[PDB]
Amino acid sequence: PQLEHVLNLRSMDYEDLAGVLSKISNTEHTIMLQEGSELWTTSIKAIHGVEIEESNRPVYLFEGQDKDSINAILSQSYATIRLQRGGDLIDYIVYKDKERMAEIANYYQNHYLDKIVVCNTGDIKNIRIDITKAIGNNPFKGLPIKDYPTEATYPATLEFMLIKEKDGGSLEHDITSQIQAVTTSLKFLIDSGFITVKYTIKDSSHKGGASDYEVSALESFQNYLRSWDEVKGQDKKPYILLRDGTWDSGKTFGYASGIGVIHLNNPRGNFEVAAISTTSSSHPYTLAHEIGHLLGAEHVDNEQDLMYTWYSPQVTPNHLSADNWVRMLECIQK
């Protein structure tokens, strides 16, 4: 009928998922998914207004149309699908290279291993991660997030420089999963034509200690940027340092240089706009949250809001606060 693709989520590997995603460009495509005895249809389309550069190659984002509540990522090295199953947010991860896939599976086995992590094999085909479960097992829930220091229509291109900490362990698909959440949180600025967003992912030779204090870590990050010849003259963009782990002995997931410091018309220079962020699947919206702060958003008391003041599993990657919208709109115009 209006079906264009079939996909068995249990048996699929990279070529299956990429085979589907690479054919989706301008129009909505309808896909029949199967997981065990459950078969259902969903529709997705490519996301416009965003560009991702990873190893000097494009990465593409996809999303469900309406109530579909599905996202996907297509890279030349991996692909992912994120959707809701039985009320849980589920990540399906496929890497093109079998060795890399094995390394990725080992990561999830060592860090989470009722089934939070499922590995489908023939030789691993894909990895299925229950994000909701993974979040539910995290500590510090309810504790106040402490992630910033105390005190236009063109469409303007906003480019985020995402810098991978050396030996930081950030996984390729985690970075673009974090980016997807940023993209969702900023849709209201993108669909309206206020901005287009570019995410530039780069390796660095900048290392950090595991338990380091966030303020020192950020400053150390910025000092590295200022003498890094690879980014010479690109000092007027937001820079975020990415690691798989955390700061301050597990208590800090991200930290922004300031609130409301990104301005499209008169951008700050000398790498003054920066943040650090985990990329861990256990903290899927942390990058979007930090960038929220950089754009002017403040903590709020709505637990569904991206900018919720406390760590909770109810958080969605959406700015639901009208006041934060006001703050962000006023900030970027400066």
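Numbers for residues come from their place in the sequence shown, where the first is 1.
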request  = Between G122 and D123, count the deposited residues left without coordinates and pick a bin: none, 1 to 3, 4 to 9, 10 or more.
outcome  = 4 to 9
remark   = Residues of the deposited chain absent from the coordinates between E151 and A152 total 10 or more
task = Using only the Cα atoms and their B-factors as the entry lists them, report which of 127-135 and 192-200 averages higher.
result = 127-135
message = Mean CA temperature factor from the deposited coordinates, higher in 32-40 or in 273-281?
response = 32-40
key: Identity of residue with top Cα B-factor, from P58, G64, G292, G49   = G64
ask   = Going by the deposited entry, which of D167, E159, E172, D212 has the highest CA temperature factor?
value = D212
inquiry  = When the deposited Cα B-factors of this chain's modelled residues are ordered and cut into thirds, is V231 in the lowest, the middle or the highest one?
reply    = middle
task = Divide the modelled residues of the chain into thirds by Cα B-factor and specify which third, lowest, middle or highest, holds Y224.
result = middle
query = Against its chain's modelled residues, does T80's Cα B factor rank lowest, middle or highest third?
reply = lowest
query = Comparing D301 with the other modelled residues of its chain, is its CA B-factor in the lowest, middle or highest third?
reply = highest
ask   = Once the chain's modelled residues are ordered by C-alpha B factor and cut into thirds, is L287 in the lowest, middle or highest one?
value = lowest
